[PDB]
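Data block for structure.txt (compact mmCIF, C-alpha atoms (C1' of nucleotides) and all ligand atoms):
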# COMPACT_ATOMS: atom_id res chain seq x y z
CA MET A 138 78.11 119.35 89.14
CA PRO A 139 79.42 119.87 92.69
CA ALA A 140 83.03 121.00 92.96
CA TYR A 141 84.20 118.39 95.51
CA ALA A 142 84.37 114.73 94.56
CA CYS A 143 82.79 113.72 97.90
CA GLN A 144 79.61 115.63 96.95
CA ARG A 145 78.68 113.49 93.95
CA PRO A 146 78.36 109.79 93.18
CA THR A 147 81.11 108.30 91.03
CA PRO A 148 80.37 104.74 89.87
CA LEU A 149 82.98 102.19 88.88
CA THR A 150 81.74 102.05 85.29
CA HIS A 151 81.39 105.42 83.60
CA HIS A 152 81.05 107.02 80.17
CA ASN A 153 84.21 109.07 79.51
CA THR A 154 87.11 106.65 79.88
CA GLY A 155 89.10 107.95 76.91
CA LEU A 156 89.00 111.54 78.15
CA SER A 157 89.63 110.74 81.79
CA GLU A 158 92.56 108.43 80.99
CA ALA A 159 94.24 111.20 79.00
CA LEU A 160 93.84 113.73 81.80
CA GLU A 161 95.19 111.14 84.26
CA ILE A 162 98.33 110.74 82.13
CA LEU A 163 98.92 114.48 82.44
CA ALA A 164 98.25 114.25 86.18
CA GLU A 165 100.77 111.43 86.60
CA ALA A 166 103.33 113.35 84.55
CA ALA A 167 102.75 116.46 86.69
CA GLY A 168 103.52 114.33 89.72
CA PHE A 169 106.74 113.06 88.14
CA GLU A 170 107.82 116.66 87.65
CA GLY A 171 107.02 117.53 91.27
CA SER A 172 103.83 119.58 90.79
CA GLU A 173 101.25 118.21 93.18
CA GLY A 174 98.93 121.12 92.40
CA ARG A 175 98.76 120.39 88.69
CA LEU A 176 98.42 116.68 89.48
CA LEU A 177 95.44 117.47 91.66
CA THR A 178 93.72 119.66 89.08
CA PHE A 179 94.11 117.08 86.31
CA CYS A 180 92.92 114.32 88.70
CA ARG A 181 89.91 116.40 89.70
CA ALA A 182 89.04 117.18 86.10
CA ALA A 183 89.25 113.50 85.15
CA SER A 184 87.03 112.67 88.11
CA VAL A 185 84.38 115.22 87.05
CA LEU A 186 84.09 113.36 83.73
CA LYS A 187 83.60 110.04 85.59
CA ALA A 188 80.58 111.50 87.36
CA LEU A 189 78.81 112.67 84.20
CA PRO A 190 75.74 110.68 83.12
CA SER A 191 76.65 110.44 79.43
CA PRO A 192 79.62 110.62 77.05
CA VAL A 193 80.97 114.07 76.30
CA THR A 194 80.62 114.48 72.52
CA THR A 195 81.19 118.21 72.04
CA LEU A 196 83.23 120.81 73.86
CA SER A 197 80.05 122.75 74.70
CA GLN A 198 79.25 120.05 77.29
CA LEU A 199 82.18 121.15 79.48
CA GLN A 200 80.94 124.67 80.05
CA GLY A 201 80.60 125.45 83.70
CA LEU A 202 82.12 122.20 84.92
CA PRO A 203 84.43 122.60 87.91
CA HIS A 204 88.17 122.10 87.41
CA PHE A 205 87.96 122.66 83.64
CA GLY A 206 89.98 125.64 82.57
CA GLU A 207 91.99 126.48 79.50
CA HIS A 208 94.39 123.54 79.66
CA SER A 209 92.05 120.65 80.48
CA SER A 210 89.48 121.97 78.01
CA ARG A 211 92.06 122.07 75.23
CA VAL A 212 92.98 118.45 75.93
CA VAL A 213 89.36 117.34 75.63
CA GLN A 214 88.89 119.49 72.51
CA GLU A 215 91.85 117.85 70.76
CA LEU A 216 90.60 114.39 71.71
CA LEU A 217 87.11 115.18 70.44
CA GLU A 218 88.31 116.74 67.18
CA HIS A 219 91.25 114.45 66.39
CA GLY A 220 91.08 111.35 68.63
CA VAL A 221 94.48 112.18 70.15
CA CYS A 222 96.04 114.99 72.14
CA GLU A 223 99.54 115.93 71.01
CA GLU A 224 100.67 116.77 74.55
CA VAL A 225 99.40 113.46 75.95
CA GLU A 226 101.09 111.46 73.19
CA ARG A 227 104.39 113.29 73.68
CA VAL A 228 104.27 112.44 77.40
CA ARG A 229 103.36 108.80 76.74
CA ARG A 230 106.32 108.26 74.45
CA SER A 231 108.91 110.12 76.47
CA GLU A 232 111.74 108.17 78.04
CA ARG A 233 111.29 110.19 81.23
CA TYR A 234 107.60 109.34 81.65
CA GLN A 235 108.08 105.66 80.80
CA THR A 236 111.01 105.24 83.16
CA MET A 237 109.42 107.17 86.00
CA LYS A 238 106.32 105.02 85.64
CA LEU A 239 108.44 101.86 85.67
CA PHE A 240 110.38 102.85 88.78
CA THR A 241 107.52 104.35 90.85
CA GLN A 242 105.46 101.20 90.33
CA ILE A 243 108.05 99.39 92.45
CA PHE A 244 106.98 98.89 96.06
CA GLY A 245 109.33 101.09 98.10
CA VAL A 246 110.08 103.60 95.30
CA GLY A 247 108.36 106.97 94.98
CA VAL A 248 108.82 109.98 92.73
CA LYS A 249 111.84 111.43 94.57
CA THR A 250 113.74 108.14 94.51
CA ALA A 251 112.80 107.40 90.91
CA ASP A 252 113.84 110.89 89.85
CA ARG A 253 117.27 110.53 91.46
CA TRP A 254 117.82 107.18 89.73
CA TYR A 255 116.71 108.69 86.42
CA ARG A 256 119.17 111.57 86.84
CA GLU A 257 121.89 109.02 87.62
CA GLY A 258 121.19 107.39 84.26
CA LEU A 259 119.31 104.30 85.35
CA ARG A 260 116.56 103.14 83.04
CA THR A 261 115.63 99.49 83.67
CA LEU A 262 114.83 97.14 86.53
CA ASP A 263 117.99 95.21 85.61
CA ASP A 264 119.96 98.43 86.15
CA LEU A 265 118.55 98.62 89.68
CA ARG A 266 119.26 94.95 90.41
CA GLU A 267 122.88 95.46 89.35
CA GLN A 268 123.33 98.07 92.14
CA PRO A 269 121.70 96.45 95.19
CA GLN A 270 123.46 98.37 97.98
CA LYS A 271 121.54 101.39 96.68
CA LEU A 272 118.25 99.69 97.82
CA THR A 273 116.35 99.60 101.08
CA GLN A 274 115.04 96.28 102.33
CA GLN A 275 111.56 97.41 101.26
CA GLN A 276 112.79 98.19 97.74
CA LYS A 277 114.65 94.87 97.54
CA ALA A 278 111.41 93.05 98.32
CA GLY A 279 109.50 95.18 95.81
CA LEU A 280 112.04 94.39 93.11
CA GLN A 281 112.30 90.72 94.03
CA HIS A 282 108.55 90.23 93.67
CA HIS A 283 107.91 92.79 90.95
CA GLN A 284 106.65 90.31 88.34
CA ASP A 285 104.04 88.83 90.68
CA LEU A 286 103.08 92.25 92.04
CA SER A 287 102.38 93.40 88.46
CA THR A 288 99.81 90.59 88.03
CA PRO A 289 96.24 91.71 88.83
CA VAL A 290 94.84 90.43 92.10
CA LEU A 291 91.50 88.70 91.48
CA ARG A 292 88.46 88.08 93.69
CA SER A 293 89.43 84.44 94.15
CA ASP A 294 92.74 85.65 95.59
CA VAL A 295 90.92 88.04 97.91
CA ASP A 296 88.68 85.26 99.21
CA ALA A 297 91.64 82.97 99.91
CA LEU A 298 93.56 85.74 101.63
CA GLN A 299 90.60 86.78 103.75
CA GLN A 300 90.28 83.18 104.96
CA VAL A 301 93.91 82.95 106.06
CA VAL A 302 93.84 86.41 107.69
CA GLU A 303 90.62 85.52 109.52
CA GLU A 304 92.23 82.31 110.77
CA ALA A 305 95.29 84.14 112.11
CA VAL A 306 93.22 86.92 113.65
CA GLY A 307 90.93 84.39 115.37
CA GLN A 308 93.94 82.54 116.76
CA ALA A 309 95.37 85.83 118.01
CA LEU A 310 92.24 87.33 119.59
CA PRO A 311 88.82 85.64 119.84
CA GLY A 312 86.02 87.90 118.69
CA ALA A 313 88.19 90.06 116.48
CA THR A 314 86.84 90.83 113.03
CA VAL A 315 88.31 91.25 109.56
CA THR A 316 86.76 93.66 107.05
CA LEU A 317 87.75 93.87 103.38
CA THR A 318 88.42 97.48 102.45
CA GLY A 319 90.18 99.30 99.58
CA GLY A 320 89.12 99.00 95.99
CA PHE A 321 87.47 95.62 96.37
CA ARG A 322 85.00 97.10 98.86
CA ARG A 323 84.15 99.71 96.19
CA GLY A 324 83.28 96.88 93.78
CA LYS A 325 86.47 96.56 91.76
CA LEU A 326 86.99 93.15 90.19
CA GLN A 327 90.79 93.47 90.23
CA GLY A 328 93.41 95.27 92.26
CA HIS A 329 97.09 95.84 92.93
CA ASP A 330 96.74 94.60 96.52
CA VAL A 331 94.22 93.54 99.16
CA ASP A 332 93.39 95.79 102.12
CA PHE A 333 91.99 94.53 105.44
CA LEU A 334 90.82 96.35 108.56
CA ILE A 335 90.86 94.47 111.87
CA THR A 336 89.11 95.44 115.11
CA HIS A 337 87.48 93.98 118.23
CA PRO A 338 84.11 95.03 119.66
CA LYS A 339 85.57 95.65 123.14
CA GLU A 340 87.61 98.85 123.12
CA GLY A 341 91.23 98.19 124.01
CA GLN A 342 91.25 94.45 123.41
CA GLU A 343 92.94 95.01 120.04
CA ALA A 344 96.07 96.48 121.65
CA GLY A 345 99.06 94.45 120.52
CA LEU A 346 97.09 92.48 117.99
CA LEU A 347 98.96 93.13 114.78
CA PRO A 348 102.34 91.68 115.92
CA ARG A 349 100.48 88.58 117.12
CA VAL A 350 98.71 88.24 113.77
CA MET A 351 101.97 88.67 111.87
CA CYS A 352 103.76 86.09 114.01
CA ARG A 353 101.00 83.57 113.30
CA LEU A 354 101.02 84.24 109.56
CA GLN A 355 104.81 84.08 109.36
CA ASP A 356 104.87 80.76 111.20
CA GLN A 357 102.40 79.36 108.63
CA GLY A 358 104.90 80.38 105.93
CA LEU A 359 102.55 82.99 104.45
CA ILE A 360 104.78 86.10 104.75
CA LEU A 361 107.50 87.03 102.27
CA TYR A 362 108.00 90.60 103.50
CA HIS A 363 106.83 92.82 106.31
CA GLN A 364 107.92 95.78 108.50
CA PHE A 385 102.49 98.92 115.21
CA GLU A 386 99.02 99.35 113.65
CA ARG A 387 99.63 99.19 109.86
CA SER A 388 101.55 96.40 108.16
CA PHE A 389 102.38 96.66 104.44
CA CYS A 390 103.05 93.02 103.62
CA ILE A 391 103.84 90.69 100.77
CA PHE A 392 102.14 87.31 101.20
CA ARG A 393 103.15 83.95 99.73
CA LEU A 394 99.68 83.04 98.43
CA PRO A 395 99.27 79.33 97.62
CA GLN A 396 98.14 78.53 94.09
CA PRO A 397 97.55 75.12 92.48
CA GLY A 410 100.94 73.40 92.69
CA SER A 411 102.73 76.66 93.44
CA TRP A 412 102.39 80.20 94.85
CA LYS A 413 102.44 83.88 93.97
CA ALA A 414 103.41 86.98 95.88
CA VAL A 415 100.53 89.37 96.71
CA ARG A 416 100.61 92.75 98.43
CA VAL A 417 98.38 92.83 101.51
CA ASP A 418 97.79 95.76 103.86
CA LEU A 419 96.70 94.91 107.41
CA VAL A 420 95.39 97.67 109.63
CA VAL A 421 94.20 97.49 113.24
CA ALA A 422 91.86 100.11 114.74
CA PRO A 423 90.03 100.28 118.07
CA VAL A 424 86.29 100.02 117.60
CA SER A 425 85.81 103.71 118.54
CA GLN A 426 87.84 104.57 115.43
CA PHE A 427 86.50 101.81 113.16
CA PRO A 428 84.02 103.95 111.11
CA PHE A 429 86.77 106.49 110.44
CA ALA A 430 89.27 103.83 109.47
CA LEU A 431 86.73 102.05 107.30
CA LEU A 432 85.90 105.29 105.53
CA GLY A 433 89.54 106.24 104.99
CA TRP A 434 90.73 102.80 103.87
CA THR A 435 87.82 102.32 101.49
CA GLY A 436 88.86 105.28 99.35
CA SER A 437 89.12 106.09 96.60
CA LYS A 438 92.32 108.03 97.22
CA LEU A 439 90.95 111.14 95.50
CA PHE A 440 87.59 110.75 97.25
CA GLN A 441 89.30 110.77 100.67
CA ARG A 442 91.59 113.72 99.94
CA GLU A 443 88.53 115.63 98.73
CA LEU A 444 86.49 114.59 101.78
CA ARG A 445 89.26 115.77 104.14
CA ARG A 446 89.58 119.03 102.20
CA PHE A 447 85.82 119.56 102.35
CA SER A 448 85.72 118.82 106.07
CA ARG A 449 88.40 121.39 106.93
CA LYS A 450 87.73 124.09 104.36
CA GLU A 451 83.93 123.98 104.32
CA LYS A 452 83.06 122.69 107.80
CA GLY A 453 86.04 123.67 109.93
CA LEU A 454 86.49 120.09 111.15
CA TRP A 455 89.64 117.98 110.88
CA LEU A 456 89.20 114.47 109.44
CA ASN A 457 91.55 111.53 109.33
CA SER A 458 91.36 107.73 109.69
CA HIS A 459 91.22 108.07 113.48
CA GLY A 460 88.42 110.59 113.95
CA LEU A 461 86.76 113.91 113.17
CA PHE A 462 87.95 116.74 115.39
CA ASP A 463 86.29 120.06 116.17
CA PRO A 464 89.33 122.29 116.89
CA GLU A 465 87.30 125.02 118.61
CA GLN A 466 85.61 122.76 121.19
CA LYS A 467 88.59 120.37 121.16
CA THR A 468 86.23 117.38 120.92
CA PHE A 469 85.99 114.31 118.75
CA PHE A 470 82.81 113.27 116.99
CA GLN A 471 81.56 109.87 118.14
CA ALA A 472 80.52 107.86 115.09
CA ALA A 473 78.87 104.46 114.97
CA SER A 474 78.88 104.17 111.15
CA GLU A 475 80.18 105.78 107.98
CA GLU A 476 76.67 107.23 107.53
CA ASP A 477 77.15 109.12 110.83
CA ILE A 478 80.34 110.78 109.48
CA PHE A 479 78.70 111.89 106.24
CA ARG A 480 75.81 113.31 108.26
CA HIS A 481 78.08 115.23 110.62
CA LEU A 482 79.76 116.82 107.59
CA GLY A 483 76.44 117.73 106.00
CA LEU A 484 76.96 115.39 103.03
CA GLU A 485 74.54 113.01 101.34
CA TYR A 486 75.66 109.49 102.16
CA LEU A 487 77.44 107.61 99.36
CA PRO A 488 77.92 103.82 99.50
CA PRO A 489 81.40 102.52 98.69
CA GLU A 490 80.52 101.69 95.08
CA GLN A 491 79.80 105.41 94.48
CA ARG A 492 83.17 106.59 95.92
CA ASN A 493 85.18 105.74 92.78
CA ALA A 494 86.40 109.27 92.27
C1' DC B 1 98.84 135.14 96.48
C1' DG B 2 98.95 130.64 97.99
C1' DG B 3 96.59 126.05 98.86
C1' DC B 4 96.33 121.70 97.37
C1' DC B 5 94.79 115.19 102.92
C1' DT B 6 96.69 113.55 106.71
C1' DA B 7 98.20 110.05 108.87
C1' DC B 8 101.86 105.70 110.25
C1' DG B 9 106.60 102.83 109.34
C1' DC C 1 111.94 109.18 102.52
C1' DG C 2 108.55 105.20 102.04
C1' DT C 3 103.60 103.44 102.70
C1' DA C 4 98.04 104.04 102.69
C1' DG C 5 93.33 105.28 100.88
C1' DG D 1 96.05 123.98 86.93
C1' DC D 2 92.55 125.69 88.86
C1' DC D 3 90.23 128.40 92.40
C1' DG D 4 89.07 130.73 96.97
MN MN A 501 76.12 105.57 84.13
MN MN A 502 98.69 125.36 80.29
MN MN A 503 92.54 120.85 65.88
MN MN A 504 94.18 98.52 97.66
MN MN A 505 96.77 98.76 100.00
MN MN A 506 96.74 105.15 115.89
MN MN A 507 100.75 131.13 92.83
MN MN A 508 95.60 103.32 96.60
MN MN A 509 100.66 126.86 88.72
NA NA A 510 106.15 102.85 94.48
Show me this structure written as structure tokens.
Amino acid sequence: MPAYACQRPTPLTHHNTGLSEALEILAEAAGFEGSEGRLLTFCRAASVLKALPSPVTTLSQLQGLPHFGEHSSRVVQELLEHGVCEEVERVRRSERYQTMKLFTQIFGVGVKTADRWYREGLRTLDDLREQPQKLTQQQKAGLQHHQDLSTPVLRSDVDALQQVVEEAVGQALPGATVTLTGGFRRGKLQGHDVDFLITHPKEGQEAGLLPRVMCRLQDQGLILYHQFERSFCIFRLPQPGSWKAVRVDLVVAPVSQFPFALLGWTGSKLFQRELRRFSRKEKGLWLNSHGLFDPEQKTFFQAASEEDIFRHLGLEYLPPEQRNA
DNA sequence: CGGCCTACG
DNA sequence: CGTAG
DNA sequence: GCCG
């Protein structure tokens, strides 16, 4: 088992859901308490279990696995022996965990904001709504549309959204393209949002595109919230006789950067953090959604495909459906 | 000991 | 700070 | 929390 998540395939369907979900609770709780390092270890340990070929049945099967130490091993041991882990159950039932989960799921609210509200005694969405001057415009939109945004986005929604985005993009710039990214490109059947990457084959023609696309969508009445090259939107998606709010991310990249943007925006989140860590720590190259930089030569790697990027980092290529770390 | 991804809005 | 994967 |  390789130590970095970008070194191993991780399929969407795997064999250790119970164990990985428990470790991910502890990771989320670590985040709520402000420990990104513990969050990362628990995330990495959960991800190792997703890459295994079979269910873990006995603690022996963990020996030698990366990111399993005393704490993560004890969690698995309790789950294997007893079906539950006392620490996980205590976290699950705590008012702090439940409220932090409730607040951070709001679009516009992260851990630091949620933690302040918790310390101020707030506990419910109705508490937040009763104090609206304490909200940014982004948070007001997230709260306004919270019910819809909690409803899974389905493939039929993706297809309808891709059609309307393609229509606006084509009106704004002939020849521009729209690529579905995010979890749906990795094969997920559902999601919390839909992610799209927009480019044009002639370098530079995409300058100024995203404001033109947004203007065209807003004039068709499709935009409930927005506000460049990244737009984190809420769309008014038509449904039979009605509509529902859906989170949509729109990203524009020049074609020179498209493989890097496609790689970054396809995820998973852990896969990309691990890939960027690997690049810098193991290869001495700096990776982001714009490029891959050699800081000694002060040059950027020219990539035509995601495969090119994997090759330049010395990694076996993984298709999107194996990046579900 | 000290790192832990790296951007844009 | 929030967002993103 | 784990590891370089
Ligand atoms: Mn399998
Ligand atoms: Mn411990
Ligand atoms: Mn026991
Ligand atoms: Mn997404
Ligand atoms: Mn998104
Ligand atoms: Mn840019
Ligand atoms: Mn330390
Ligand atoms: Mn994400
Ligand atoms: Mn520690
Ligand atoms: Na949030």
Go through chain A residue by residue and, counting all atoms listed in the file, keep those with an atom at most 7 Å from chain C; for each kept residue give the shortest atom pair and its distance in Å to one decimal, ordered by chain and increasing number, as a Markdown table.
| residue | atom | partner | partner_atom | distance |
| --- | --- | --- | --- | --- |
| A:245 | CA | C:2 | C1' | 5.7 |
| A:319 | CA | C:5 | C1' | 6.9 |
| A:433 | CA | C:5 | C1' | 5.7 |
| A:434 | CA | C:5 | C1' | 4.7 |
| A:435 | CA | C:5 | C1' | 6.3 |
| A:436 | CA | C:5 | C1' | 4.7 |
| A:437 | CA | C:5 | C1' | 6.1 |
| A:438 | CA | C:5 | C1' | 4.7 |
| A:441 | CA | C:5 | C1' | 6.8 |
Open item on the list: Neighbouring residues of ligand MN 507 (chain A) are defined here as those with any atom at most 12 Å from a ligand atom, counting all atoms listed in the file; list them as number ranges by chain.
Closed with: A: 174-175; B: 1-4; D: 1-3
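With the cut-off set to 7 Å and only C-alpha atoms (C1' of nucleotides) counted, chain A residues close to chain B are residues 174, 387, 442, 445, 446 and 457 of chain A.
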Ligand MN 501 (chain A): which residues are within 7 Å, counting only C-alpha atoms (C1' of nucleotides) and all ligand atoms? Reply as a CSV table (one decimal) with C-alpha atoms, in the coordinates of the input.
chain,number,residue,atom,x,y,z
A,150,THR,CA,81.7,102.0,85.3
A,151,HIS,CA,81.4,105.4,83.6
A,152,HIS,CA,81.0,107.0,80.2
A,190,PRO,CA,75.7,110.7,83.1
A,191,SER,CA,76.6,110.4,79.4
Could you pull out the residues sitting within 12 Å of ligand MN 506 (chain A), using only C-alpha atoms (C1' of nucleotides) and all ligand atoms, and write them as a compact mmCIF listing (two decimals) with C-alpha atoms (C1' of nucleotides), keeping the file's coordinate frame?
# COMPACT_ATOMS: atom_id res chain seq x y z
CA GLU A 343 92.94 95.01 120.04
CA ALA A 344 96.07 96.48 121.65
CA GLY A 345 99.06 94.45 120.52
CA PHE A 385 102.49 98.92 115.21
CA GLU A 386 99.02 99.35 113.65
CA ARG A 387 99.63 99.19 109.86
CA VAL A 420 95.39 97.67 109.63
CA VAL A 421 94.20 97.49 113.24
CA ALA A 422 91.86 100.11 114.74
CA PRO A 423 90.03 100.28 118.07
CA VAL A 424 86.29 100.02 117.60
CA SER A 425 85.81 103.71 118.54
CA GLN A 426 87.84 104.57 115.43
CA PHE A 427 86.50 101.81 113.16
CA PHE A 429 86.77 106.49 110.44
CA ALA A 430 89.27 103.83 109.47
CA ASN A 457 91.55 111.53 109.33
CA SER A 458 91.36 107.73 109.69
CA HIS A 459 91.22 108.07 113.48
CA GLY A 460 88.42 110.59 113.95
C1' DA B 7 98.20 110.05 108.87
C1' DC B 8 101.86 105.70 110.25
Task: Selection: 12 Å around residue 197 (chain A), all atoms listed in the file, excl. self and same-chain fewer than 2 positions, as a VMD selection string - done: chain A and resid 193 to 195 199 to 202 205 210 213 to 214 217
